[PDB]
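J.: The listed protein sequences derive, respectively, from chains C and A.
Here the deposited numbering is used: the first residue of the first sequence is 162, the next is one more, and so on.
Here the deposited numbering is used: the first residue of the second sequence is 108, the next is one more, and so on.
My questions will all concern the structure given below.
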Amino acid sequence: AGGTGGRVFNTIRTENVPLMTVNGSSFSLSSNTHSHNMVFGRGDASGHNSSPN
Amino acid sequence: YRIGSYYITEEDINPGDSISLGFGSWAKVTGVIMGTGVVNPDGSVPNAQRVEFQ
């Protein structure tokens, strides 16, 4: 035996790596109708697939 | 080092009546090891010498 005791390589010790999870959260964003800017007027020529404004 | 359960001095008539009797603390450890070294056996640095306080 030895005067100093330790359990590293092989011994019945305690303590481990905890595992936990976070509760489900949903991100909510508001689509503001302003701040979209504007260029030109009625077509004319308009970019294809552009968002209607 | 001498160990005895009788509370009589070594120089007393009841005791052997020779030599000086002094109180001894702790148990005598054989010169070579000092005890606790390494968890897994590797061994620490022991202490030696007589009367030396370390």
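Backbone N, C-alpha and C define an ideal beta-carbon position, used for all residues, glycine too.
Is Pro153 (chain A) close to chain C? Criterion is C-beta to C-beta, closer than 8 Å.
T.: Not one chain C Cβ lies under 8 Å of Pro153 (chain A).
J.: Answer yes or no: does any C-beta atom of chain A fall closer than 8 Å to that of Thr175 (chain C)?
T.: Closer than 8 Å: no.
J.: Contact between the region 164–179 of chain C and the region 142–158 of chain A is defined here as three or more beta-carbon pairs at a separation below 8 Å; is this criterion met?
T.: A contact exists between the region 164–179 of chain C and the region 142–158 of chain A.
J.: With 9 Å as the limit, tell me which residues of the region 176–194 of chain C have their beta carbon closer than that to any beta carbon of chain A; keep them in chain order.
T.: The region 176–194 of chain C vs chain A, Cβ under 9 Å: nothing.
J.: Answer yes or no: does any C-beta atom of chain C fall closer than 8 Å to that of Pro122 (chain A)?
T.: False, the Cβ-Cβ gap to chain C never drops below 8 Å.
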